[PDB]
Structures are given as C-alpha cells and as structure tokens.
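# Reading the structure
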Amino acid sequence: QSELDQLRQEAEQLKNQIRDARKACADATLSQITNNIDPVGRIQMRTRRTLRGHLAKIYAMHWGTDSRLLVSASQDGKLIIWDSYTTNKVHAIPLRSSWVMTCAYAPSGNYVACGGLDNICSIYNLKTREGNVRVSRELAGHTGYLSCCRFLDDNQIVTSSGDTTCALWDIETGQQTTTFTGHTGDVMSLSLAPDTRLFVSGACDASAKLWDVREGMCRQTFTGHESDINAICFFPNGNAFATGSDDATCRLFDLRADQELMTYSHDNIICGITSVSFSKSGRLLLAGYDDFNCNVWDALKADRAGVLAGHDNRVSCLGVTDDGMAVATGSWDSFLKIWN
Amino acid sequence: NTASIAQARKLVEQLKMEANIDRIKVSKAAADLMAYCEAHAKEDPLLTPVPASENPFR
Amino acid sequence: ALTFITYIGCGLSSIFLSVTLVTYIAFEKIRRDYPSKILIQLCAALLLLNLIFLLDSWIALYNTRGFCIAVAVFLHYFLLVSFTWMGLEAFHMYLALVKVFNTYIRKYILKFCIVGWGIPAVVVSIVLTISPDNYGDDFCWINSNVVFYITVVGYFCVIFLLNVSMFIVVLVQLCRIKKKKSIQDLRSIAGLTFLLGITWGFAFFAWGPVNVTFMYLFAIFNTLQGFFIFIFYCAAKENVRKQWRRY
Amino acid sequence: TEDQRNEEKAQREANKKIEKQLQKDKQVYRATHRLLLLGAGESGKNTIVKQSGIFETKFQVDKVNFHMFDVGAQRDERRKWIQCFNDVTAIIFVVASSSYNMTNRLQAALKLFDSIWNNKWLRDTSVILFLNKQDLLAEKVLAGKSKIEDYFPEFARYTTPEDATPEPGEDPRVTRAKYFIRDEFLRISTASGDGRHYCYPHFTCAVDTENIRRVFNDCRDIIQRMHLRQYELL
Amino acid sequence: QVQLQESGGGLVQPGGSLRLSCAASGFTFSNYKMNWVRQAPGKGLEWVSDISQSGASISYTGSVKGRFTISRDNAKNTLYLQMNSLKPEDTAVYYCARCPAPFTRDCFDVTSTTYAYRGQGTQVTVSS
C-alpha cells in the first residue's frame, strides 16, 4: 500500500511551498541596498600580546565578561586562565582525560566548563573555599563526543554533541532537562541569542537550526551551504547569524524571511573556515582559516578589508571581547595572539 | 521499515510547522541591518580606532 | 703573496656569516627546534674567529706588550670555542640517533653555552696565569712549544676522534634506509662535512714534511667554512627563502 | 600609585608557582610516546595488548613508557575526531586478513587506509600495520574452501616476491596469499611521497609474545627519521 | 539544498545490461568526486566504484572489475554507471554518494549508515 514513498512525496510538496514562499519575499538583494554607503577602508592589527605555556595544540578559548580574563583548552590536558592585561597566569587546571575539544567561561566568573572525546562535560568550581579548584558535577548523558558548550547562568548549560543531539542540563541534579533532536550529522557549534531565549546550531549536514530553549522545539531550518558547518555566531541585535563551513565560504542569514543574504567568498581561498566572530557594532566579521591566516570581511559590502597573519599552523578559535576592544586567536602551534 | 515510517512521519510534521510563519520582505530586513551598524558606529574600537591613551594594551 | 687567498678567504666567510646570523635572530619561525639553535651559537663563534684573525694580520702594529698579548689570547680563546661547538653538535646527534629515548633535560641550550663558551674560558686562564709572556713574522701567536701541543694539538685530536665517529655513525644509518624498500642527497652530505668540520683533517697530513698543494687544500677549505654554512643552511632551505623574500 | 604594587606582586608570585608545576609536567609529557590503536573491530585488542569513551592502556618496554588509546562509544562517521590524533607517534592499524567468508571485510579495510594516509593532517603520521588472524588452512587456500581469485580478479596472475621468508613447513601457496594481501597495501603507500611518513607491515599470529617488541623497534625508527629530517638529510 | 536523485534501475535477466544515472544539484559538481555504493539485503553497505574531479582516475572493486564502467559529465551535473553481464550477486539497491569536502583525495564516510550526502537509491534486480 506504499506508505514510505508517498510520505516522501508529500515532503517534496511541502518543501516546494517553502522555496516559493522565500522567493516571493526576495524583492531586492543586500548588495542592491548598500551600494551607496561609504567603504570601511583598510584595517590592520599588530599583535599586542602573545601568550605561551601550552605543550600541545589549542582547541578552544573564551573571553570573560569583564574583558580581561580568558580560558584556553589544549590537547596536552590543561586549562589555563590567563590575564590579558599583564600576561600573568591564574589556575592552570589539569584534566582527567586529555582530549578536550571545548571550554566556556560563565558570565558570573565562577565556573569553567570543558569537555571532549570522553563524552562528558565538567564544571570546575573556581571561586571556592578552603582549597584550590576541584571538579564539581561531571555531567554525563551523551553517546558521542562533546563539541561545544555555553553557560546560560550558574545552573543551566547547553551542550552540543557528536551524536546529533543538543541538550540542556540542570547542575546539582545532573540530569538533562530538555533534549533537542532533529539533526542528521554531528553538531559542531552553537551560539546563544543576546536575550538567551533562543540558540542556533550547525552540524555536518549543511544546515543550521533555530531552537527554542524554553519550549524544546525547532523553529526554522536554514540550508544554503555545501559541506560541513564548523562555526556559527549571532549578530549583535540577535536578528541575524553568520556561519562558516568547509566550502571556503561564510554566509549571512536573517531570522525573519528565513533565507540567506550574503556570501563571503574569494577565488584564492580554497581552505575551510574553523571559526567566525563579529565585531561589537556588527560591521566587521572575523574568520579563521585552514591556511593559517585570518581574514576580515565587511558585513555590509562583502569586501575584504584586511588580514591577520601571525600563526604557524591552523587557527582553531577566535573571539572578540564584550566591549569590543581586542581579538584573540588560538592555533595549533600552541600560542595565543591578541590583536588590536 | 516500520521504524523507518516513523521518521518519515516525524519529518512531515516538522515541515508542516515551519512552512506557516510570517516572513517580512528582504528589503526591510537589510535596511535595519544597516541602520544598526550606522547608529553604533563610534562605539567600535576595531572600526574607528580609539587612541593609544585609553587603549588598555599599550 | 703566496697565501693572499687566506685574506680574501676569511674576509669572505665573515661577510655571509653575518648575513646568516641576522636572518636567524629576527625570524622566529626557524629558530625553534634544537638543531637550528646550535647554528646561531656556532656561526657566532666562527664570525669572531674570522674577524679577529685579519685584525691580527692587517693592522697588528708593534706594541710593546699590551696590545700584542691582548690579541694573542682573544685569538686563542675563539679558536677553542669553535672546536668545542662542533664537538657539541656531534654530541647532540648522539642523543638524537644512537640513544633515542629518554633524552630530555630541562635546560638544554643554556646548559650547552655553559659547556661551549665556558671550558675554553677556563683552559686559557690557567695557561695565562702561569705566564702572561706568551706572545711573539711576528703575528702575536703562542710563542711557546710545550703549551701549543696541549691547548691546540691535544684539544683538537680528542674532539676529532669523537667528531668523525658521528660522521660514520650517521652515514651507516643513511645507507640502511636508502638501501631498503641516489642523487640530491649530495646537497645534504656536503652540508654535514662542514657542520661537523671534518676539513681540518688536511692539517693532519700537512704536519709531515709539507707537500706541494695539500697545504693549499687546508688553507682554502677552512677559510670558507662560514661561507659554506651559508649556502647549505641559509640559502638552500626554501623554508628560509620564504622569509627574506616577501621582505 | 604604589597601592597597585601590593596585590600584583602576589599576582606575580602566583605566576611563578604555576610555572614551577608546568616544568614538572613538561618533563613527563615529553617522554611518554602516545599511540592510537584502531582496527576494523573483529581483531581489535586481541593482539596489541599487554597482559566510557576513550579506553586508555599504558605499558613499559625497556624503562620507556607508552600510551595506547582505543576509541569506543563513538559513531562510525570518522571525518571528525580523527584529526585529534595527528601528533601521535604511530597509528596501529589491525586488519583481520582472512575475509573471504563472513560482506568483503578486506576491501573495506583498504578504503579506510586510503582515507587515513591521504587525509591532510595525517600526512606526517606513520602507520604500523598488523595483518592479524592468519588461519592458513581455515577459510584460506590450504583447504580451498573459498577463492581469493573471485574476490580480487588478480592473484591468479601473481607470483611470490624474490625474497620472501617462509616458516619451515609452511604451505607454498599460503605464502603466495599472505604476500599478496600485503602487496595490496604498500602500493597505496609507495605512490604518494609529499607527506613524508611511512608504512610498516607485520604478520601477527596466535602466539604474539614478541608483539610489543616489533612496535618498540619501529617507533624507534619513526623518531630517527624525524631527527634526520631536521638536518635536511632525508 | 544538496540533493542527489538516482534513476533508471529495474529488473532484468542475467547476462543483460542496465545503465544508471544521477542528477546532482545544490553544489558545484566539478569540485567533488563521486562514488557508487550498494546494499544487498541483510549485509550492509559496501563500495562499488569512484571517479575523481573530471579525471581519468577510476577505481573499481574486485567483484565488478571487468564489466562495470563509470563516467561523469561535468557539463550537465550527471553521473553514470554502465553495467553489463549481470550476476545474481548484484541484487541490491544502489546509491550515489559524494565526498564530504571539495578538492580532497581522502573520502571517509561514504559506506556509512546515516550519511548525509547520499541519494535514496534505486533497486536493481536480476532473476531467472
């Protein structure tokens, strides 16, 4: 009676409405609009600091909300809280398993997440009493490697995993409150909205999904890329986000009238993007690459406004402070640079 | 097969949900994407370089 | 005018030794691993030995004692550091190729510059304190027969017998993997003879009642050593050539 | 403004207590020689063994310490998390080598070696390759139950190499089969040369007591070819 | 939307012939190299053939070596597979899979269950 091939045919009818709905609202392109504004000019940054001390390659970093401290996680099995004004060190924390793939700094400055190929997120209470740092909760529910994690407050943390699921956790009870399903491919990154009611997530199918944190569903689905997505980040006002992927492109998507708006590509670039990030105003866009460079694009004109070329191996991570004063990059040569 | 009918049924309920949303015109979306970057222009150190006096790194 | 090729020789190696020394100190992507570091210390000592030697020959005017015995020790000192930096690089290749595991000491290059720049600075003092009257067709050389056998001829053979052994130990192992499952290795093999400094072996031969040209080989090979370290360890590597090109 | 100079000197001594522990941690990281063990799954850790996500077993040969990691509880999409293992010394690859009757488990092992060897970030990592699970009569040519001329259309036109060392008593046509499977590898190895890594084959059996020695004797060759390349000799 | 729609497969007598096809859309066809995989009932996915970027660098498996042939046409985003002298071992559904990244020579997750860049497949049956 053939149930499978008419359910697979109804989805073709349902998808052709969504493509024709987005086509009906495409009254102009973005480069038709912004072709009258003045350019940004060439920019340059000069590597104000350099932070040495890791034994193996660096996979992640995260600034603090006070724009001074930062975390860094490396495959030798360490986790360092640097101070960026004076290049000192606080709290080199040793890990239980060495393959860590992500880290996060809580907005209260009280905890530090990490996780990796051991399928476990860890909490590491910093502002402690009667002792040094210690692991606190050790969340464990996933069946694949842990690829990202971000704090909401000191009791909720949303994690991304390699078993195609996102999840929302409850510290001090340990089990997960909400479990997000729907991807087909390893979820590689995430980013929260500035009001923290929603978050986006891109995976190894060429797709990105908007999720409701409080509800537990998926609102929209964005498909314009061609390979695995490795990075994502929101715009400052929260009404847009930009992705980076293996097809040497970055793209800009708006939430309302779900389609893409801009594509950041160049003919000399044949390498994949490992990180994206925005400036404070949202005019620049800073992407790391696999050919050891770090370009800078104009988010309203799709031009290229500069380059940052200081590392020896590929750039894994990237991040701009909340006041917008500096950019930190990290790479597989185990050094971090601060550019300004 | 009978398990594979489920995610064929689960996918057609998700495509039914995201089709019924209110899309604005794209020209309205880009015009306010530009106007945010126009209002917050001077409060951007990487864009307009703040001097070495109050710069915290040198 | 019979050995005017030595003045143009040491005057040429001192040029490119300074050229290869500024391209290693300025660019941080090359000076990271051990082998590249010992190169900055060896090319430093050869530059000073090549610079002070022509100063001991071109303007070496007859001072009474003071300016003559001053250059007499700072030529003897720099000759002894260059012998013991080559014999240190044959010791690093013993820890790299013969005893492969468990070779990590916590301070490496600072523990070599104590041995390399320091043991010539303590053998020269005990022969200076017993007699400061050790300078002299004048040239302000050793001006003694019995100590020249000790600090020069003795200190060279005990280094040479532990330096040529790591030239055969390396070449045995290179012919065991070339032979397993033929040109453009000669660029690398010719780099090892000047790095380890085997071309001082013509002087072993020259001692016995001179020759006719064999002493002409010793004079031209060892005066262009710093020139030959440039062409094999500064200009042949395109890892270096992608740095000074692009400015 | 000396009120700044109170606590930042306590910050300054908090920097030097950290750096003293990192000196003790560098000394044991620099002498531990990590290895990654991956196979098709059937042989697995039956051979490479000294008598949750990552499993972590360590051992010691000649007062030199090692680490071996077997990956478990991960999915079968390997294009990520395989590039977390690029600064290891070797990748111990185990092949069942008797795949004629369960499918074609032998051809699937060849496609995986072609993806690992040519990857991008694994171009500098040498592979120690064990051809496990001999079974010279059972499911092989000494009994003639299954034919390898039908699974590979070659090997009916192939002869044994000039220098093949048999065991005294070993079947003249099982040594023809044992060296053909090894020669399906080493032509994926000896084609591309720009990566500068190697491939080292071996034959393991039921009695593999010496099998921590052949991994010791060849990780010594891997470090030797790294230091020889520093001097531009290779 | 990356999509790959195979077509042109059905039942035939042994010794007969059949030519499959695939129309690819959603990406630049010239940068990726393609594959063909199959799944006999009860076994699992296995690899059949591949072909590089516009290249005459073609690989086959040992079973279908002397009688199968592949061909791509970059001008129309199409991938073919001409099959001849079919045997009852060739009773499987055949998918068209591409490599995950452009301009690469490795190709990892093709014969994997739950793989993204792969069609739904076409049935090919032989019977006497």
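Rules used in this analysis
Residues numbered from 1 in each chain as written, not as in the entry; some residues may be left out. Chains lettered and ligands numbered in written order. Heavy atoms only, no water. Residues with missing side-chain atoms left out of burial classes, pairs and counts. Contact = heavy atoms within 4.5 Å. Buried area = accessible area lost by both parts, 1.4 Å probe. Salt bridge = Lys/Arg side-chain N within 4 Å of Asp/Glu carboxyl O. Polar contact = N/O pair within 3.5 Å; in protein donor to acceptor, adjacent residues only side chain to side chain. Nonpolar A, V, L, I, M, F, W, Y, C, P; charged D, E, K, R; others polar. Pairing = 2+ DSSP bridges. Helix = DSSP H or I, 4+ residues; strand = E, 2+ residues; numbered from the N terminus. Axes fitted to C-alpha atoms, helices over the stretch in contact; angles between N-to-C directions. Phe/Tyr/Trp six-rings, centres within 6.5 Å; stacked < 30°, edge-to-face > 60°. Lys NZ or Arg CZ within 6 Å of the ring centre and 35° of its normal. Buried < 20%, exposed > 50% of the residue type's maximum accessible area, 1.4 Å probe, protein only. Disulfide = S-S within 2.5 Å.

Structure determination for the deposited model, as stated in its record, used cryo-EM, and the stated resolution is 3.1 Å.

### Description of the interface of chain A and chain E
Contacts between the two partners involve 14 residues from chain A and, on the opposite side, 15 residues from chain E. Here chain A meets chain E over a buried area of about 930 Å², counting both sides, of which 42% is carbon and sulfur. Area buried by chain A at its contact with chain E is led by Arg8(A), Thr223(A) and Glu226(A), which between them contribute 44% of it. At the surface where chain A touches chain E, the tally comes to zero salt bridges. If you look at where chain A meets chain E, you find five residue pairs in polar contact. Its residues assigned to classes, the side of chain A that touches chain E shows three nonpolar, four polar and seven charged.

### Examining the sheet that holds strand β9 (residues 146-153) of chain A
Residue and element names in this part refer to chain A. What the four strands build is an open sheet, ordered β9-β10-β11-β12; its pairing is antiparallel. Looking at which strands have only one partner, the edges of the open sheet turn out to be β9 and β12 (176-180). Within the sheet, the average angular offset between the axes of one strand and its neighbour, ignoring direction, is 15°. Two strands pair when backbone bridges link them, and strand β10 (residues 156-161) and strand β11 (residues 166-170) are joined in this way by five bridges, in the antiparallel orientation. In the sheet register, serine 160 faces β11, and the bridge partner there is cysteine 166.

### Let's talk about the packing of aromatic side chains
For any pair of aromatic rings, the description consists of the separation of the ring centres together with the inter-plane angle of the planes. The final tally for this structure, using the stated rule, is 51 aromatic pairs over all chains. Ring geometry for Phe83(C) and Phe156(C): centres 5.0 Å apart, planes at 45°, overall tilted. One aromatic cluster is present, built from ring pairs that chain together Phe16(C), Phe194(C), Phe202(C), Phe205(C), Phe214(C), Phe221(C), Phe227(C), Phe228(C) and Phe230(C). Of note, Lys57(A) hangs over the ring of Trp332(A), and the distance from its end group to the ring centre comes to 5.0 Å. The ring of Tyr198(D) is capped by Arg225(D), whose NZ or CZ atom sits 4.1 Å from the centre of that ring.

### Focus: the pairing of strand β10 (residues 122-126) of chain E
All names here are of chain E. Of the two faces of β10, the one lined by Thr122, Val124 and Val126 is fully buried and the one lined by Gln123 and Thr125 carries no buried residue. Bridging between strand β2 (residues 11-12) and β10 involves two bridges; their strand directions are parallel. Within the sheet, the bridge partner assigned to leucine 11 lies in β10 and is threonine 125.

### What about the state of the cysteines?
What makes a disulfide is a covalent bond joining the sulfur atoms belonging to two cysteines. One pass over the full model with this rule turns up two disulfides over all chains. With its sulfur 2.0 Å from that of its partner, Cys68(C) forms a disulfide with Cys140(C). Taking the torsion about the S-S bond as the criterion, the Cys68(C) to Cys140(C) disulfide, at about -130°, is left-handed. The same class applies to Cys68(C) and to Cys140(C), which are both buried. With its sulfur 2.0 Å from that of its partner, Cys99(E) forms a disulfide with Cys107(E). A torsion of -115° about the S-S bond marks the disulfide between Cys99(E) and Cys107(E) as left-handed. Overall, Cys107(E) belongs to the buried group, its relative accessible area being 17%.

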